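> Got a structure for you, written out below as structure tokens; questions coming shortly.
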Amino acid sequence: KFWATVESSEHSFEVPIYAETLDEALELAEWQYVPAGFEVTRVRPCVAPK
Amino acid sequence: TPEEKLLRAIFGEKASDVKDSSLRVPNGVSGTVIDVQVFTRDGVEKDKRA
Amino acid sequence: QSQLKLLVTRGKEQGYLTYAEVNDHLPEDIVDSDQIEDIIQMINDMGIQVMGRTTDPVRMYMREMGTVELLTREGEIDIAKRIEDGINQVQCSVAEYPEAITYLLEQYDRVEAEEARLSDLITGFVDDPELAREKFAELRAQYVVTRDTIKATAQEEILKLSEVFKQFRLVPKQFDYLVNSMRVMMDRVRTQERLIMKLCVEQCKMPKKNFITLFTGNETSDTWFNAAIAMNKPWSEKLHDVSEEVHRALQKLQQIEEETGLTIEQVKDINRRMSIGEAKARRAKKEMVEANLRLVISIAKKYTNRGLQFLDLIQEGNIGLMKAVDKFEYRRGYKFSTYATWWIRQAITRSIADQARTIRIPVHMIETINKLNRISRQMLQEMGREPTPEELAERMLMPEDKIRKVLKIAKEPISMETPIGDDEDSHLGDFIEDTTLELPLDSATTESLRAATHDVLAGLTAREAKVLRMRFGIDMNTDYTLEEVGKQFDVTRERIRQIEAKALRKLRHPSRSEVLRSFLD
Amino acid sequence: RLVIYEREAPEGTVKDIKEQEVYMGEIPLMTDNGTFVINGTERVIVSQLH
């Protein structure tokens with residue numbers, strides 16, 4: 001998955017966004033975030049050494 | 001109760017049919033009575049003091 | 001075309017939503033704890049709130065009855081006709097049952113024998129004790145004429161028997177019991193029929209096609225049994241194994257033909273006919289009610305605030321409407337509307353009179369209170385303030401001292417959870433003291449007094465202690481009568497009564513008496 | 001004044017009763033000190049600000 005950093009209002013936080021690509025993760029993030037009046041700050045890939 | 005009935009029998013004390021509800025001065029306060037008022041229901045005979 | 005934006009949009013336009021509504025619509029990728037619990041914070045930063053079918057049955061009932069088509073002036077006559085056709089059919093079905101007549105005759109034998117009253121056996125026939133005593137003999141006569149015709153000429157007299165039995169209006173309870181008896185008898189018939197059936201098809205291996213072939217029309221005789229099994233059929237020779245059971249259980253089957261005075265063929269027909277009639281009746285009557293369901297609401301809208309819910313009112317009123325449909329006859333020409341109105345209103349009022357109170361009071365009490373409430377209206381501004389408490393009932397037809405009590409119990413109790421002053425969590429019932437409790441001080445003094453009295457009783461003689469304990473409930477259950485004391489004490493009567501007075505004296509002196517003296521506060 | 005207008009206007013009155021000063025309620029009076037008495041006790045109504 002991908003952790004998308006969303007920031008709005010008085011504070012910020014990260015939400016999981018599942019996708020097959022970083023770019024796709026960004027698109028799926030924005031499409032599922034921006035229109036609500038939420039800003040999309042950052043997108044990070046999930047590491048987790050296994 | 002039995003013990004109380006024994007007590008009544010020995011000391012010959014009539015158990016009153018009337019409980020004492022009387023208004024008494026609250027504990028700790030010592031005043032001087034400066035006045036008394038008696039309010040009587042309309043139709044009920046006034047007492048002596050009243 | 002966003003899920004989140006839809007959630008937030010609902011939560012913006014409305015502004016204001018509940019946890020569940022937010023849980024309903026969530027991002028495809030958010031199912032878990034920190035993924036919601038934080039989204040709430042997100043939402044509770046802007047447009048902040050946290051906490052078809054509209055539920056409340058006031059709607060659903062209104063719609064469901066909103067479906068039903070209103071009747072027509074002529075349609076009422078159609079439905080009522082269906083009713084008449086329906087009922088009297090089951091009445092005739094009752095009249096054609098021998099045990100139904102014999103039961104009536106026997107119960108009347110119990111009436112004249114003073115083992116029961118008339119009110120329980122009859123409401124009157126088409127209408128006096130003498131007239132009853134005779135008409136009943138008419139019934140009995142038409143019975144005793146048809147009883148001897150059991151030999152093709154009987155079908156003629158059975159008609160008249162039905163006629164005279166029909167002329168009786170039975171007490172509803174009795175009629176119900178009759179119908180019940182009939183259907184139960186039918187259930188017995190089915191018991192034997194099914195028992196015999198399962199011993200052939202379900203066990204003995206034989207088709208229901210062949211089984212019912214020789215069954216219908218006899219079922220009592222051995223024509224289908226002793227004259228059958230030898231037929232050389234695949235299902236024939238298999239019938240030898242159970243042949244005992246069926247033949248043993250057949251006795252009751254032919255016994256029913258005696259008890260009821262009808263062949264097994266006839267019974268089923270009569271009771272089935274009755275079932276058809278009953279079903280027809282209820283089928284029309286329900287249809288009558290459903291059309292008039294609106295009237296009930298229209299009436300109930302008057303009685304709203306009397307302490308019963310809207311739907312309670314409309315339901316009790318619905319029951320009233322049902323009663324109206326049950327007791328109505330179109331042949332009287334009375335308009336069903338203005339008729340049923342009074343019934344519905346009656347059910348409503350009678351119900352409110354009952355269940356709207358925490359402490360339920362009799363009807364005449366409610367009425368008596370009402371009259372006082374009405375009298376207190378006219379003298380309100382007439383007396384310049386309000387009529388004196390002892391001037392109301394003067395106009396009433398009663399001793400007038402009731403006004404107090406009547407005005408007392410009538411007041412409904414105050415909710416124990418009623419918020420008291422300070423507007424805090426302090427509630428009325430929180431300030432209710434427990435009087436019924438025995439304070440610990442007194443409970444200790446009682447123990448000390450027990451020990452004390454015990455000690456004082458340890459000082460007397462063994463027999464004095466025994467008799468003084470026996471006279472009272474001291475350290476024993478059920479204090480004994482002065483004679484019983486002697487019964488346990490051998491020597492009896494005036495003896496014991498003396499020792500008592502002898503004990504009290506010894507315990508009267510300020511040596512033994514000084515210890516428990518202070519308990520006399 | 002209870003006026004009953006004659007049916008089918010122009011509006012005159014068939015009859016009208018002037019019935020005399022119907023008493024509705026008593027109202028609390030303010031003392032010369034700007035206080036009321038609710039029960040046996042001087043009461044003050046605080047001026048609001050809205």
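> How many residues are aliphatic (A, V, I, L, M) and in a strand (DSSP E or B) when one looks only at the range A:1-47?
Looking only at that region, the number is 6.
> For the range C:478-521, name all the residues that are small (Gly, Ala, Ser) and either in a helix (DSSP H, G or I) or more than 14 Å from chain B (Cβ to nearest Cβ) (or both).
Result: C:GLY486, C:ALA501, C:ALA503, C:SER518.
> For the range A:28-50, what are the residues that are within 20 Å of C:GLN1 (Cα to Cα) and more than 7 Å from chain C (Cβ to nearest Cβ)?
A:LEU28, A:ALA29, A:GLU30, A:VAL34, A:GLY37, A:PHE38, A:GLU39, A:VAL40
> Next question. Please enumerate the residues belonging to the range C:453-483 that are surrounded by fewer than 17 Cβ atoms within 10 Å (Cβ to Cβ) and under 17 Å from C:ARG512 (Cα atoms).
Result: C:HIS454, C:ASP455, C:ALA458, C:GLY459, C:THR461, C:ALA462.
> Moving to a separate point now. C:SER221 versus (1) of a type outside the set (A, V, I, L, M, F, W, C); (2) surrounded by 13 or more Cβ atoms within 10 Å (Cβ to Cβ); (3) on the phi > 0 side of the Ramachandran plot: which is the lone unmet condition?
Among (1) of a type outside the set (A, V, I, L, M, F, W, C); (2) surrounded by 13 or more Cβ atoms within 10 Å (Cβ to Cβ); (3) on the phi > 0 side of the Ramachandran plot, C:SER221 violates only (3).
> Name the residue that is farthest from the other protein chains (Cβ to nearest Cβ), counting only residues in chain B that are of a type in the set (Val, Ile, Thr) and under 30 Å from C:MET470 (Cβ atoms).
So the residue we want is B:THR1.
> Also: I'd like to know if the range C:370-383 contains one or more residues that are in contact with a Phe, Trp or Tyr (Cβ under 9 Å, 6 or more places away or on another chain), surrounded by 10 or more Cβ atoms within 10 Å (Cβ to Cβ) and at negative phi.
The answer is yes, given that some residue of the range C:370-383 is in contact with a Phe, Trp or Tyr (Cβ under 9 Å, 6 or more places away or on another chain), surrounded by 10 or more Cβ atoms within 10 Å (Cβ to Cβ) and at negative phi.
> Further, regarding this structure: Restricting the search to the range C:431-443, which residues are closer than 29 Å to B:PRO2 by Cα, assigned to a helix (DSSP H, G or I) and away from chain B (no Cβ under 14 Å)?
Hits for the range C:431-443 are C:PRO440, C:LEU441.
> Starting from residues that are of a type outside the set (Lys, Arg) and more than 9 Å from chain B (Cβ to nearest Cβ), keep the ones in the range C:460-477 and report whichever is nearest to C:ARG493 (Cα to Cα).
Restricting to residues being of a type outside the set (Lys, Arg) and more than 9 Å from chain B (Cβ to nearest Cβ), the top hit is C:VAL467.
> Would you point out the residue of the range A:28-45, among those that are surrounded by fewer than 17 Cβ atoms within 10 Å (Cβ to Cβ) and over 11 Å from the mean Cα position of the chain (by Cα), that is farthest from C:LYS12 (Cα to Cα)?
For the range A:28-45, the residue satisfying everything is A:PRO35.
> Confirm whether C:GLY333 is on the phi > 0 side of the Ramachandran plot and either out of contact with any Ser or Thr (no Cβ under 7 Å at 6 or more places or on another chain) or not basic (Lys, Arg) (or both).
Taking the combined requirement at face value, the residue satisfies it.
> Find the residue count for the range C:7-51, including only residues that are more than 9 Å from chain A (Cβ to nearest Cβ) and either in contact with a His (Cβ under 9 Å, 6 or more places away or on another chain) or on the phi > 0 side of the Ramachandran plot (or both).
3
> For the range C:266-287, enumerate the residues that are closer than 16 Å to C:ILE158 by Cβ and surrounded by fewer than 16 Cβ atoms within 10 Å (Cβ to Cβ).
C:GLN266, C:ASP269, C:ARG273
> Tell me which residues, restricted to the range C:444-459, are among the hydrophobic types (A, V, I, L, M, F, W, C) and within 12 Å of another protein chain (Cβ to nearest Cβ).
Of everything in the range C:444-459, those that are among the hydrophobic types (A, V, I, L, M, F, W, C) and within 12 Å of another protein chain (Cβ to nearest Cβ) turn out to be C:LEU449, C:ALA451, C:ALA452, C:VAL456, C:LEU457.
> Separate question: Does C:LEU295 satisfy the condition of being part of a helix (DSSP H, G or I), assigned by CATH to the domain that holds C:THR338 and either over 27 Å from C:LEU178 (Cβ atoms) or touching a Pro at 6+ places or on another chain (Cβ under 9 Å) (or both)?
yes
> Here is a further query. Within the range C:417-429, does at least one residue satisfy the condition of being over 30 Å from B:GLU4 (Cα atoms), charged (D, E, K, R) and either in contact with a strand residue (DSSP E or B) (Cβ under 9 Å, 6 or more places away or on another chain) or surrounded by 11 or more Cβ atoms within 10 Å (Cβ to Cβ) (or both)?
Yes, there is a match, as at least one residue in the range C:417-429 is over 30 Å from B:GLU4 (Cα atoms), charged (D, E, K, R) and either in contact with a strand residue (DSSP E or B) (Cβ under 9 Å, 6 or more places away or on another chain) or surrounded by 11 or more Cβ atoms within 10 Å (Cβ to Cβ) (or both).
> Give me the pairs: first residue in the range D:22-34 and away from chain C (no Cβ under 14 Å), second residue surrounded by 10 or more Cβ atoms within 10 Å (Cβ to Cβ) and acidic (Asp, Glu), beta-carbon distance under 8 Å, and six or more apart or on different chains, which are they?
That search, which allows pairs on different chains as well, returns D:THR31/D:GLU42; D:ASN33/D:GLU42.
> Looking at the range C:314-368 only, could you name the residues that are in a helix (DSSP H, G or I) and of a type in the set (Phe, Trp, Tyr)?
C:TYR330, C:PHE336, C:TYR339, C:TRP342, C:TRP343
> Just one of the numbered conditions (1) within 7 Å of chain C (Cβ to nearest Cβ); (2) buried (at least 16 other Cβ atoms within 10 Å of the Cβ) is not true of A:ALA25; which one?
Single failed check for A:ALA25: (1).
> Residues that are crowded, with 17+ Cβ neighbours inside 10 Å and over 29 Å from the mean Cα position of the chain (by Cα), at least 2 per element: which helices (runs of 4 or more DSSP H) completely within the range C:29-117 meet that?
Of the helices (runs of 4 or more DSSP H) lying wholly inside the range C:29-117, those with at least 2 residues that are crowded, with 17+ Cβ neighbours inside 10 Å and over 29 Å from the mean Cα position of the chain (by Cα) span C:33-43, C:73-95, C:98-112.
> Right, next: Given (1) out of contact with any strand residue (DSSP E or B) (no Cβ under 8 Å at 6 or more places or on another chain); (2) surrounded by 16 or more Cβ atoms within 10 Å (Cβ to Cβ), where does A:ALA19 come up short, assuming only one miss?
Going through the list (1) out of contact with any strand residue (DSSP E or B) (no Cβ under 8 Å at 6 or more places or on another chain); (2) surrounded by 16 or more Cβ atoms within 10 Å (Cβ to Cβ), A:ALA19 breaks only (1).
> Here's another thing I want to ask about it. Just to be sure before I move on: is C:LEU428 more than 30 Å from C:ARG493 (Cβ to Cβ) and either hydroxyl-bearing (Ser, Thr, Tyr) or more than 12 Å from chain B (Cβ to nearest Cβ) (or both) in the structure I sent?
Yes.
Every residue, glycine as well, gets a Cβ built from its backbone with ideal geometry; the counts of neighbours run over all protein chains shown. Numbers and lists here come from the model and the stated rules, or from a named source; no laboratory read-out is quoted.
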